[PDB]
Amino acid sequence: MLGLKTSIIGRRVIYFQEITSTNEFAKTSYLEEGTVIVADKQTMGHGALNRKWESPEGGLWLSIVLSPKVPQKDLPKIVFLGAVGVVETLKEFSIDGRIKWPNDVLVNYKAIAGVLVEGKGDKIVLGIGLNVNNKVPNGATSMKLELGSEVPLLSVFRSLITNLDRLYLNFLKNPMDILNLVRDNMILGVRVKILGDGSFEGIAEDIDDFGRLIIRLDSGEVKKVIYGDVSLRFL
């Protein structure tokens, strides 16, 4: 009854009044590529390292099952698909979303959405949490809060699914294209702190041909950051 016209993403959609976590359900269940798992609220929503992701009613919490037939070296770029998709949808609603490498989208430096990719080769789960009309934790914001009025949740869903399907289809043909879009929509030219094995500060200059964040330390030394257990903090 939804009348979705996408080619892959959204061929099927499983909606939940409530669920533990759409990412957990998508990873665990036997599902076809392109299936979208969406719920009004999550009781056990999570980010990386099982960090808690607040998922109250009013937000868009979903996961997409993917089976990307591209070189293994391109797989890490899936997270960018989600990030850019969100940015494009926000722009459609006239909200200025900017990407915080590699998986967050901010508005005025406040987190409005987060992306989490999990998988293992043949099966990749693209998870996206976007605050629309829901209450949010400090440090975050929502579409409603930015526009000063509530936004039809279904309209946001349709917008995002349409955008992701297009991005994904092009990704299968040209896996490098998404890097240009991330670059054009990411926060750069400012000082950032990278938290990992230790920590260092520098100017976020750009992302390279592998999606690595290029940071210039005061000393002039260039470091290339690979995401995966490293957190980025703006100063």
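Start at 1 with the first residue shown and count on from there.
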* Asked: Should the higher mean CA B-factor in the entry be assigned to 186-194 or to 53-61?
  -> 186-194
* Asked: Do the CA atoms of 148-156 or those of 78-86 have the higher mean B-factor in the entry?
  -> 148-156
* To do: Go through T35, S67, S29, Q42 one by one and give the residue whose Cα B-factor in the PDB entry is largest.
  => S67
* To do: Using the temperature factors in the entry, find which of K100, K110, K120, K91 has the highest value at its Cα atom.
  => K120
* Would you mind ranking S142 by its C-alpha B-factor against the rest of the chain and naming the third, lowest, middle or highest? => middle
* Asked: By its CA B factor, does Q72 count among the lowest, middle or highest third of the modelled residues in the chain?
  -> highest
* Would the CA B-factor of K223 place it in the lowest, middle or highest third of its chain? -> highest
* Relative to the other modelled residues of the same chain, rank the CA B-factor of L167 and answer lowest, middle or highest third. => lowest
* Asked: When the modelled residues of the chain are sorted by Cα temperature factor, does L217 land in the lowest, middle or highest third?
  -> highest
